[PDB]
Every structure is written in C-alpha cells, then in structure tokens.
Amino acid sequence: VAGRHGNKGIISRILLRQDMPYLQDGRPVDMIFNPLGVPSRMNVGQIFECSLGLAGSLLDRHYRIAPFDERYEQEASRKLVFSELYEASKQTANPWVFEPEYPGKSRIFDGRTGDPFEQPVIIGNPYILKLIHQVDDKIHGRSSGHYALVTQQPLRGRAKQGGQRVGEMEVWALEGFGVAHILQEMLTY
Amino acid sequence: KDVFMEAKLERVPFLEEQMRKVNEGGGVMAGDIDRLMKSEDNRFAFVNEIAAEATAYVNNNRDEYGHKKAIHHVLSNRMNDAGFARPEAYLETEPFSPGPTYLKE
Amino acid sequence: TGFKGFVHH
Amino acid sequence: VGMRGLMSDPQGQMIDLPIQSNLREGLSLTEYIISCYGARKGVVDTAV
Amino acid sequence: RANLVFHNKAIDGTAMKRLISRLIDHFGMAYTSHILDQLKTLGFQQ
Amino acid sequence: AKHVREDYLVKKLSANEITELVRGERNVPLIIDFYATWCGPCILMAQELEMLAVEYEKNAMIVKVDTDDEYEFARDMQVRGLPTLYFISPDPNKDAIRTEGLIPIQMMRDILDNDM
Amino acid sequence: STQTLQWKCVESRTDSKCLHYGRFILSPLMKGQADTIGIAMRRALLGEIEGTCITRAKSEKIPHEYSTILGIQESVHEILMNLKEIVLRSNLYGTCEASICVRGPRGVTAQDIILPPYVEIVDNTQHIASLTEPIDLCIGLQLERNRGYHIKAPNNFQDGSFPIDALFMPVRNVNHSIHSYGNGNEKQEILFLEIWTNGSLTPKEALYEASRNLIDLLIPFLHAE
Amino acid sequence: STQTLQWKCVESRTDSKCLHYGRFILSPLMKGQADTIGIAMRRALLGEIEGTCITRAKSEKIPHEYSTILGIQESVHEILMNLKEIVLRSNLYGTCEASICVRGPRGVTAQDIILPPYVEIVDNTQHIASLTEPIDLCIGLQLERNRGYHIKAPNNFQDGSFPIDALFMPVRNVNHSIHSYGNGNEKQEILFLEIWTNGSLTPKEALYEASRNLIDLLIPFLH
Amino acid sequence: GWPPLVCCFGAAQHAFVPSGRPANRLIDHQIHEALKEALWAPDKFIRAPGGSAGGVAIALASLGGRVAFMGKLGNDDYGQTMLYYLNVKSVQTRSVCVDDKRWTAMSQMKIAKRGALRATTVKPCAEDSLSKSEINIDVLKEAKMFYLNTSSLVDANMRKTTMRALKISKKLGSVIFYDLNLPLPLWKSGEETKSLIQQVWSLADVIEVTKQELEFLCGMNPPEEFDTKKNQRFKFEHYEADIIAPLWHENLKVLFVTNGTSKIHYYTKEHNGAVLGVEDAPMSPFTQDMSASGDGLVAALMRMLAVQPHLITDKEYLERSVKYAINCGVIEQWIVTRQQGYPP
Amino acid sequence: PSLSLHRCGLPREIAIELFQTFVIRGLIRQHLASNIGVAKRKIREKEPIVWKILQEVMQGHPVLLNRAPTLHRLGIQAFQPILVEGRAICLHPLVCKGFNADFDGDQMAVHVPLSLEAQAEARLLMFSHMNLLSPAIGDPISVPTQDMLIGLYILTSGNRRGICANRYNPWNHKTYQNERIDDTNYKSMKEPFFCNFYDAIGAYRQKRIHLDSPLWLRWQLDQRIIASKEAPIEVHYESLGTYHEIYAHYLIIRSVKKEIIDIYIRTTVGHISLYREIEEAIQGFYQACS
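Residue numbers (UniProt numbering), protein chains in the order written: chain D, 820 to 1008; chain Z, 63 to 167; chain Y, 1314 to 1322; chain H, 151 to 198; chain X, 8 to 53; chain C, 66 to 181; chain U, 9 to 233; chain A, 9 to 231; chain F, 196 to 539; chain E, 388 to 677.
Quick look at the structure:
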C-alpha cells in the first residue's frame, strides 16, 4: 500500500477493531504509519494532506488545490490547513480536531489498555492506494522437477518452477564463514 | 570482614518469567554450544567431530532419527555428562495442547 | 571445515 | 528547518539564486526547479 | 547481582554501541544475544 | 405415530386418573408426584421418575402432576415443598410412604426392593 | 457513607431506522474503577455481542457471480453487496432459511423478504434489487447468528450458492470518558458511556448483553479446582 | 459447545516467607476472548485488593525525621523505612492503634507490634531497629486498609506523627499471555496468568478476589 | 468456637426449594432437556431458589469460620447416608437423638380427606421428629444465631420445638436468624402467617423477611412501591419503618429484610437505612439454576458478622455487608454446581 | 518483533515445497501412508495431518536465508524456521541491518542443507549469536536501531533539571512554616523514598508517579553511577555526628561511630527499569542455562 508522496509500505499485521488506537470520539484508527519515515525521505507534504483530509471528512467538502500556493502569501498552506481544521472543529463540536496548543495533533488512546499515549499524535484522512506487486505473485517453492537439457539445472523463475541462483558474492560469503560442506552441496547435489 | 557478603548475593526475584523465553527461543542450545566450544582451539575441528559423531549415530540406530535431529542428540549427550540435565535431543513438547498446531505468532 | 578432515583413530 | 540554499549546477559551479525557504514553509517555483538539479544527480549515482 | 554500571544520563546512539561492546567483552556473544532481545522488547514498549 | 409415536410413558395423571389412584385395588407399589413450572430440583427428581417408570414394565406406575397449574393441587396434599413422591402400594383407606428430598436412582431401587 | 452508585441514560436519538445512539452516566466511582469499567465495556461491546445476518444467497438460472440478468439494472455481485447490509433480529442459536420470490417491474426492497417466525427485519426500505422488465425473480437465502467476523468457503455449489462473508457487528461504535467529581479529600469520578448501534439491538440492551458476556468470561476463576 | 470454561493451575511455588508465585491456564476460549480477559484481570489484580499496612508513627521526643537517637543504629527515617515494608494480613475497615514499648539493648522484630486479633503478622524474621543502649522507645503505630489506587493527603501534624505513606500492595507483578491453536476449522485459544504476591494473601485467593471485585463493578449495569 | 453460631432447624436434607405458586409464565411438559426455562420467567419466589439449612454452611465455611446444624437424621438407609453426606459437607451432627420408627426421606402421606386427594401428614420423615422433649440442650448455648427454612412452620410441633427454645434463647444469650424464604403453605397470605404461626412471625431478632412475604403479608394492593415510577427503576417497593411498623419486635440487635437479592433493609435502634439489589442469571443459559440465594446471601452477612464482631448499629459496617451480600447472593445463583458454587 | 534472535518464520506454502521429502519420511515411517504415490497424493490434498509432519521435521533443521542483493559477509545467515500463517517471511529486526534490509518490499531466498555435515555447519557456524561482530574493525553489528533507540533514549531521559521544573526560585525565603518552634504544619512533599527497584516499579504501576518524576532510592551496593572529580554542593553537620552530605545526584549520611549505609540516589523510574531489565536478563540467562 502506497501513498501519493512516496511513502510506500508492506502490510505487516491485521488487527481487530478493538485492538487499535481510537481518537477522542471512539472511532478506531484504520492505518498506522511510522513517523520516522518523514525526516528520512523528507516529504512533509503528506502531513498537510493528512490534516486537510480530516477536515474534509468532517465537513463534506473536497479540496482541489493547485501546487505552489505560497505565491499569494507566506506559509499559505499552513493558513489553509489550520483554518479548515478550526472550521471543522467549530461547525461540528469536536474540540480535538484543532487543539490550540499543538495544532493538527490530538491525544489518541490505547485500544488495549484504555490509556492515552503520552504525547499528541498527528491523525488524518489520507488517500492510500493499493499496488500491483502482490505477495501471491512472488511466492516460490521447489523440491525437484524439470531440469535444463544442457546445463541440467532448475530452469528459471516461477513459471518454469526454477530454483534460486547462488553465485559470486554468495559463494564469497560461504567461503568467509568457513563452511565447506554447505558450499559443496550447492554445486554438486 | 569485607561488608559486601550478602549485598552482592541477594537473590533477584521475579526471574521465573525470565527463565521460559530462553527455552522456546533456542537460548539454552545457544548458551550450551558456546560453553562446549569454550575449550576447543579450532572450531572447524569441533564441528567436524560433531558431524562425524552424528553420522555414526544415524548409522548405528537408523530407524529413530527424522524427528530427534541426531545433531541435537549428540549435543545433548555431550552436555549431559557434566550435569546440565538438557532433556534428550532437546526435544520440545506441548504440555497444554488439545489441538494439532500452535499459531507461532 | 574442509581444511584437514576427520580421522577418528 | 532552516535553509536549503546554494544548490550546484550539474557542471560544477553554484547557482546565483539561493533557496532561502524550508520544506515546511514551501519552496517557490524557481526554487523547486533548482532543487531538481541535485535530484537528478542522486539517481544517476545510485545506478553508477 | 551481576557487575554492571547504573546509567544516569541519555543513552544516545553512540552510547548504545559502546554498551554492547562492553557487554560482549565482559560476558561473551552468548549472554549478549539475550540482552539484545530484551532491550529490543523494552525499547519497542517505551 | 405408527412407528414414531409420542415418546413419553408418563402421562402425568392430573384429572380423575390420579384421584382414583388412591381409590384403586392393586398389588405393586405406585408413585405420583407434585411438581411446578420452574420445578426447582423436582425435575432432577423427574429425571429419575420417568426413567424408572419406563424401567418397570407393568408393575410400578410412576407418574406426576403439576401444582401451580391448579392451585388446589398445591394445597390438596399439604404440599409444603417441591419433592412430593409417593411409594404407594394400594392404600384405599390406609397409609403409604411419601418420598421426598432428592435421591439417586440406584438407591431408590433398593428401598423399593428391600421394603414397602 | 457518602452517596451511592447511580447510572442513568441521558440521551437517546433515533437518527434513522438502522442507527441508534445512547449516552449513559455513572455516579461517584472511586479511583481506578472508572478506567477498568470503561475499557472492559468498550472491548465487550466491540467484540462480544452477537447479531444475526444473511450468510449464503442462492439464485436460479445464473452462471456465476459476475453475470448480468435481463430486466435487472443491478449485476449479481451488486445484489450480493447490497444484500449484506440487511439487518435482522433473533435470539436463538442456529442457521435458518429464507426466500424472496418477486415478479417483474416492481422494485424490490427489504420488505419483500420472507422470514422464519422468530426473525424480523428492522429497516423496511433498504434497497436490495431493482427491476425493469417482467421476469420472475426467485432467490434463496441462509441466515446465521455468530460472533465477530467469520469467513466461509465457496463450497456447496448447487446451481449457485454464493457465500457472503457477513460481518456480525451489531454495535457500530463505542466511546467513553472519565471526568472528575471534586469530592473534597476523597477522589471520585464520573464515567460517561456512548454507544452507537445499527438497529439490530438498542442501547440499554447492547449494554446488558455486553455486561453479561463479560461476566460470563470472568467466571471460571470463582470455581475452585 | 463442549469443554465448558474452567481454570487450572500447574505452577504454584512459595519461594520464601514473603514470596508467592502462581501460574494459571484457562479453558477453550474463542478468538479475542483471551486478550480482553487478560487485560481486565491484570487491571483488577494490579490494584483492586485492599491492603493493610501502617500509615503513621508517633515517635516521642523527636521533632524531625533527621534526629536519630543514640542507642539505635537506624535513623528515625530508617525506622520509618523499616516500618514501611512490614506485611500484615487482615479484614479490617478503617484504622486501629499499636505501640512499641520495650527497653533492651537487643534486636527488635515484628513481634513487638501490639496488634488486635484481626491483624496478623505475615513474617517473623523482619527487622525494625537495632537497640544497643538501655533506653526506652515508644512509637505509636496506626494501621490502615485501603484499595489499590488510593491517594491520601498528609494530616494530623499536631502530635508530631511521621507519615509512612505506603503502597497498599498485596501484589508485586502480574504477567498475562495468550496461546492459540487451530484444528483446521476452529481457533481455540488459551490464557496464561502469572501472579506474584506479598505473602498476606495466597496467590490463588488473588484469582478469586480480583474477579469478585470486578464482577461487583460490572453487576450494576443489570440493575 | 467464639463465633455466635447459627442453629439450623426445619428439616435436614439437600436441595429443597420452598414456595410454589403461579410464576410469570408456564413451561411445557413435552421434551424437556433443561426444563428450567423459569430461570428467567419466575416470580421472585423462584427468582431466588435457595438451599437447605445445612447447605448454607458450605457457602460460608468455604471462606472459613464456624457453622453447624442442629436436629436429627433418620437412621436407616436414607438416614445413614444422611450421616455420610452431612459429614462429607462442613456441618455438625454430634448432637443427634434420632428416633427409630419412621421412614427416612419419606414424609408418609396416607389419607385424611373426604375424597380424591386432600390429604395431610401421618407420621412425617424419620428426621422430622423434633418436639418439646426431643429438643437438644446445646442449640442456643454455643450459638447466638439460628436459621429456619420455615418448613418447620407447616409442622405444628416443630413450632413448639423452637418456642421452647426461646427459653433456650434466653437461658444464655442468643438470637435467631430466621431466613424465612417461606415454602408453599406459609407463602399463602397475610392472616395465614400473622396469627396462625404467631410466635415465629413476631418474636424473632436478626430476622430475614422478604418484601413478597410482607407484600401479601400485609397490604395486598395499596402499598405498591412508594418511590419508583420516576425515571427507569424497577417497581419493587419502598418498604421501610412505616411498613414494618405493623410487625416489628424487640430485644434484637439488627434485623434484615431480604426480598431475595433485591432491595434489602436493615433495622437498628438508631437508624433504619435502605439498600438495593437485582435478580440475575442469564450468562450461559445451560449452566444455571439461579440457586442458593438463601445460601449465598445469608452466609455473607454471617461472614462479616464473624470477621468484625463490632458490627453493632454502625451505618457503614452493615451497609457494605448488605451490599456484599447482595453481590454474593446473585453470584451463587447462576453457578453450575452448588458444591463448587459456594463462595470461597 | 516477537521472534527470538535464533529464529525466523516460513510461510506454510513455502515450507511444504522445501521439506516435501522429509514429510514423505514422516508419513511413511509413522505408517500413516504406504507408498510414495499415496504419500504424495495425501500431500497434494492438504490433509490436516500433513502440517503435523511439516511442523515436526522442521524443528531442529536450520535453513539458510539469503538476501538477493548480497553485499557483505552477513548477507547469508542460518535460522531455525517456524511455521507462520500468511505468505510472507517474518524476519528479526536486529539482523535487518546485518542484511541491510528494509521493509518497503524485498525478497529473500531460502535454502535447505540436506547433508548432516551441512546441517552441522549451518547450526554451528552461521547463526546470529556467534557472529555479533563485524570483521571490519570489530564493532557490533546488531545494535538497537531507530525505534528501539528512541524508546531507550526516552526511557533514560531524566527529569527537568532547573528552571524547567520550577517557575520561581527555590531560594525564596518563605514557606518555612516559620515560627519560633518547629511545631507547625509538616507536609514536605519532597520526593518518594522507595525501598528498592521493585517498590518503585509497583508505585509506578499505580500511576502514583510518572516516568520522569524524580525519586529517592536507597542503595545497598558500591558506587556504580559514573562520577568525576565533582564536589559536594552542601554538607550539613549537626552538633552530634551526622555527616549529612549532599552531592550533585546522591546523598550520604555518615556518622562518627559506624554504619555508613545511608546512600540515596536521585533517579527516575526509567533508569531503574533499564537497569532491572539488563540485570534480570543476565540472571535469567545464567540460571536458564544451568
């Protein structure tokens, strides 16, 4: 599952709805990302979208924003996001949407302890996609089967039920570990 | 005379839960392998000796191995001659299992 | 382990 | 947080226009285009 | 009761690497493997 | 019906049937009972009643009747509690052994076969 | 000595036929009790109450799920998707059967379902099918009462018996809060609960079943061994 | 349907006089039941059980905690520290009185605590002070019994009583785990509970008490 | 044995449910399996079917303490197994003076009617023999409390047994623990147990009446609740001082109005107070009989009276134990087996 | 994150196509099947007893996991597989930097050593508990990375030292409960005086104190906290021998007779938790391995 700002991901776990953090209105969270990915790839543009999405979900409105809106003003995207968040928090009485001490963040609770996580957490409604590289197109397994006519090796890939290849660097690792039987039986047997 | 006799010897409690996670994680075998290798000079010779002993074990009593993992058998045999109970072949059981398979996380 | 090889007497 | 200024032209040499804005504040059109010079020579390096 | 040092400062990245090296030289690579498993669990919890 | 009929030998005589039970000539011990809707532990009694009613073929007629259905039948036997059985060899004008409490079915064999 | 524990319902709105809301209050709860009650009640309400729903739909003269029928604007898969949202009520454990046999250009809703004696629908206008031309439409359905989300195999083919992985969710949402009472030296707290159900149950009933399932679960320990 | 719910204990070991370890297994539980049960029972076990312990001490002729008296090897602060970890078993409500009135250059143990019959000492090897002078000491204790998460403010400063604010723990650590098994069509699960305890409470009575005290809270929803 | 004990008259047996009369609804006599569908459609008289006088002992003694039974057993096959079970349980029978002529576990019910089946006692159970002379000496000498499943009140002479024990109640210091829970004939009406029994209905002390056994046992209709009818509270009663004013009695410490595990009132010489409760047993419908309310509730007040014998007329000392009893009673209701369903 | 250091996780689909022949052993030997064709037919129909065999021949049989873009010597490592449900291989996080593997989508190749000698090699030479040091300079290769590092840093972060913990100066001559005698109101909130570690953890579980709330802990050992030339800020001395010394972070109450045991440490529950974790890990590994 990937976002629109280069934040890719591999689904690791699937939790029941009672085992996930919930906001101060009781709604369980639908997806949990790693914050550390933002300082590394340096894509802050997702966070804005995140917050802005929340406003839309609480106001029944959709935003179509052209890029480079920092020409009209200075920090225009900040003004847009914060004003929309405040309007969503005021029209619908949800004072956790725009906390006027760390705007855009809120204090979510724990789904399996009923405890508030000590620091406020950024929440939102981003647009997440599903990618074509599915796991069922990547699994493999082979005990024996077809062999090449000349080289007498497992053919290739998954369509031909081939075997994984070991060469060069791999052997250099096995020689490094000082394992001779393992290296021998990957070339003869 | 030196007043540290019991301050350094008070038994740490609450250790019962930090006795189990060692046993299914393979920690006991890992901590036994190094103690067996604590006196060996060349590790390759030790490994080859273990492999030859396991081959002899497979040859003499063929119709038992396939579950017992004779390498584990010889390791347990070597660890069981100096105390260190080490149940046979490091075999694992399922004391509470009215079912066929654990989920394994 | 392919350096010398085992003998066992 | 701070400044991304003084990106480099691909054939060496610095560019006169400085990137005086953060990624939090948001780059302008000319500043963003300048930052693309160092973007290309980040993928013609991982492939080389 | 082991032979350890009671830390009272911030264990940053370079301090963790120093601590692992000293635990390896004092206990070995068999005791350290269990420490790393415990520190991983405690680090993820907090 | 036919080959799959009502699977209950005890018909819980409530009408004139149970009334003429104490007004009849017999030769073997009979049993009747006073139970209720909730029937407390008397169903645990009723479990062993219908079992022995079936077990004894033609000799013992082990039956019951409900109390709160017609409140008369509650007071009619000075019924103070739920277990209200009756080891009754014919007593047209005489006594019988009214069994009460809760008794295992194996012991209730012995007494009815060691006495009464 | 000071006050007694009281609980009450402070609001109940019927937003729609299949959506009900209810807020409740508890009174002088000493420390620690409110958090335990709130978290246990939220977990029980989210994953203990059981609600019946349709699990398998059988249709006549249809090759597969992704097929079209003359005179019907809705594809077969669309009909399955629309049929999963029908809400039902029951209290007896066990599967039952149901049918829907309707004529042509009518427009088929949830009131056209035929139900066993102990099962009733709550909403009576949920769109389930749209018809344009006269074709006799006959579909058989199976109803089940389980707990939580369950996934079924595509077995039992027949002509076609499409299994819908129905979600057994009678409680849509749950929230709670633990306030302060300011009882001088003694620290008391006011607990608020908030339950949104889908009309299969109602608040003060989902709460009842959720409390009773929990007191089920906590029980083995009271017995000795 | 089959194998109705029950609990069974496999490990139950008493290490010392004031240490108690137990582990317990539940019955076939459906998917998701084990987590909720473990969380609720752990939250109850941590603090719900009333714990009986001292709260105050009236030392005579001492105006401040850092006023250690000659003949006692432990300072007044250390006397309170010793009279903080004493273990008592009881069913009290409220408070009572106690005293320590002896005069001997010898050791002092928990037996010196004069107690009403409904408060009983758990250990006898606990130390209080170390007397080495023929002096008379008087410390008027004051027991109390509250719940787990009880917060109490200091009071009664008139007579010079020293607060000995305590934990009211009969428990010392709780550890819950889950196991699961699949026969191919049924996800039967199992709960594991591990309980330590102070000693004034067998770590099986904790199982009963921490469940009764939770059922008591959950019942009024049926009222 | 310091704890004032609770003598246990009535009869000696196990599993004897009391009152029988029309519940909320009826159940069928076709295939039963578990015919106890009236664990959720009884009328409060069976919405709390308790146990006998000796089964209460196990409920308390599980926690611990000193409880005993007074009375007789049969002798014979039923009577000797009576000795096995009442000594397998935790109760006392060292004060036995059985007869040797009746049939045990059988009341015997010949005839005394002008027809069909209107019949009364002949020579009751071999355990039902307590008379003015068969009275035990001990009873109220190592005890200050006394349970009575009032089945001893359908019996004419089991009465005079206990009222000659009133002089045994006052020879030394003691008090009675009548857990009324009236079986079928005492559950009849007002005048029925106001004057016909006279003595038990007005002479007791730490007594246990129920609101239903004050509802028909007084105002048959006008006293319907006194508060209720305001927001969402079940219509039990606001029964208090002015509704015991007909029937109070003196020389007591504190009496208890039971009404099952529902609203309970305590009665002191300084303050009445009132508590509440509920009836509850649905969890798993195949694991219940809503049993031992008489056992679980009564034992709880006895337990607290024993651990803290400074109860007296204290607001908070009794009010918790009543609340503890209310929660204790409902718990024992829905347990599978009473033997394990005794509070530990 | 739940996997141990000596363990990986194999999918059910992959394992059956690698240990197929050993499962054929398990079926034939245990007399649950007769012929090779019959055993393979039973395998192909996913019988419920098949997984009991492919959970029984894999215990103790190491497998070599290999990252497809191999870079260094630690790119291939042996592991003890266990059966997991899904279609993905679960890998330990600490060894990830050993593999230089992220989780944005990557592929790992498995190999099975068949020879008994090869299994001995894999178990006794390529397990990630005797290869904890890199051969470059001899530096640790498995150290707590980003998330665990942040957790440990937050744990060992301390309280708020100075003006960030008090709004007003503590000189502030006031609040002395001042009169001519010391008989006044005595609250003295100060900081808790816990007996030992476990008392502090217990009091933290009740939410009595926060993670960074300071506390006093009695010390019954030697000096462990790294100190330096230092200086005692204020050493009070009563007319009788009391030697009340207050250092930068610990307090010592000596005397003129004996029993210098009053060492008290100002600390927070995080440092106590980390020290207890390390100490009990050592004392549990020692006693688990006899």
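Note that CB positions come from ideal geometry on N, CA and C, so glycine has one too.
According to a CB-to-CB cut-off of less than 8 Å, which residues of the region 410 to 424 of chain E neighbour chain Z?
-> 412, 413, 416
Just the Cα atoms here: how many angstroms apart are residue 511 of chain F and residue 47 of chain A?
-> 32 Å
List the DSSP bridge partners of residue 131 of chain C.
-> C/100
Contact belief for residue 138 of chain Z with residue 124 of chain Z at Cβ below 8 Å, rounded distance in angstroms | The pair is not a contact, with the Cβ atoms about 19 Å apart (cut-off 8 Å).
List in chain order: all unbroken alpha helix (DSSP H) runs of 4+ residues lying wholly within the region 854 to 928 of chain D.
-> 856 to 860, 864 to 876, 895 to 910
Chain-ordered neighbours of residue 887 of chain D on chain H, where CB pairs are closer than 9 Å | 176, 177, 178, 179, 182
If you count every other CB in all the chains shown that lies within 10 Å of the CB of residue 188 of chain U, and 16 or more means buried, which is it?
-> exposed
C-alpha distance - residue 387 of chain F paired with residue 96 of chain C, whole-angstrom precision = 31 Å
In chain order, each beta strand (DSSP E) run of at least 3 residues that lies wholly inside the region 85 to 135 of chain U | 104 to 110
4 or more residues per run - each alpha helix (DSSP H) lying fully within the region 495 to 550 of chain E | 503 to 512, 533 to 542
Report the option in E/444, E/454, E/553 whose CA atom is closest to the CA atom of residue 488 of chain E.
-> E/454
Within the chosen definition, does the region 484 to 500 of chain F reach the region 423 to 435 of chain F through at least 3 CB pairs nearer than 8 Å?
-> no
7 Å Cβ shell around residue 639 of chain E - same chain, five flanking residues per side excluded | 632, 649, 650
Residue 138 of chain U: which of U/42, U/21, U/118 sits nearest, CA to CA?
-> U/118
So which residues of chain E does residue 118 of chain Z contact, with C-beta pairs closer than 9 Å?
-> The premise fails here: residue 118 of chain Z is roughly 10 Å from chain E at the closest Cβ pair, so nothing lies under 9 Å.
Residue-level contact to chain X via CB, residue 526 of chain E, 8 Å cutoff = yes
Taking all protein chains shown into account, decide if residue 228 of chain U is buried (16 or more other Cβ within 10 angstroms of its Cβ) or exposed.
-> buried
Under a three-way DSSP split, which group does residue 459 of chain E fall into?
-> coil
Is any beta-carbon of chain E found at less than 8 Å from that of residue 177 of chain A?
-> yes
Applying a beta-carbon distance threshold of less than 7 Å, which residues of chain H neighbour residue 861 of chain D?
-> 173
Report the three-state DSSP secondary structure of residue 438 of chain E (helix, strand or coil).
-> helix
What's the C-alpha gap between residue 133 of chain U and residue 62 of chain U?
-> 17 Å
Leaving out five residues on either side along the sequence, give the residues of the same chain with a beta carbon under 6 Å from the beta carbon of residue 622 of chain E.
-> 632
When the cut-off is 8 Å and only beta carbons count, does residue 235 of chain F lie next to chain C?
-> no
CB-CB under 7 Å to residue 521 of chain E, same chain, minus the five flanking residues each way: which ones, in chain order?
-> 528
So what does residue 183 of chain A bridge to, in DSSP terms?
-> A/202
Under a three-way DSSP split, which group does residue 16 of chain U fall into?
-> strand
When the cut-off is 8 Å and only beta carbons count, does residue 675 of chain E lie next to chain Z?
-> yes
Are the beta-carbon atoms belonging to residue 43 of chain A and residue 931 of chain D less than 8 Å from one another?
-> yes
Per DSSP, what kind of secondary structure is residue 306 of chain F in: helix, strand or coil?
-> coil
If we ignore side chains and look at the alpha-carbon of each, how far apart do residue 80 of chain U and residue 31 of chain U end up?
-> 43 Å
Identify the contact partners of residue 181 of chain U in chain D, using a Cβ-Cβ distance below 7 Å as the criterion.
-> 845, 846
Closer than 8 Å by beta-carbon distance: list the chain D residues that pair up with residue 21 of chain U, in chain order.
-> What residue 21 of chain U touches in chain D: nothing, since even the nearest Cβ is about 15 Å away.
Presumed contact (8 Å Cβ cut-off) between residue 202 of chain A and residue 183 of chain A, rounded CB distance = 4 Å
Residue-chain proximity (residue 260 of chain A, chain E), Cβ-Cβ < 8 Å | Nothing in the structure corresponds to residue 260 of chain A, since chain A is present only between 9 and 231.
Where residue 975 of chain D and residue 672 of chain E are concerned, what is the direct C-alpha to C-alpha distance, given to the nearest angstrom?
-> 46 Å
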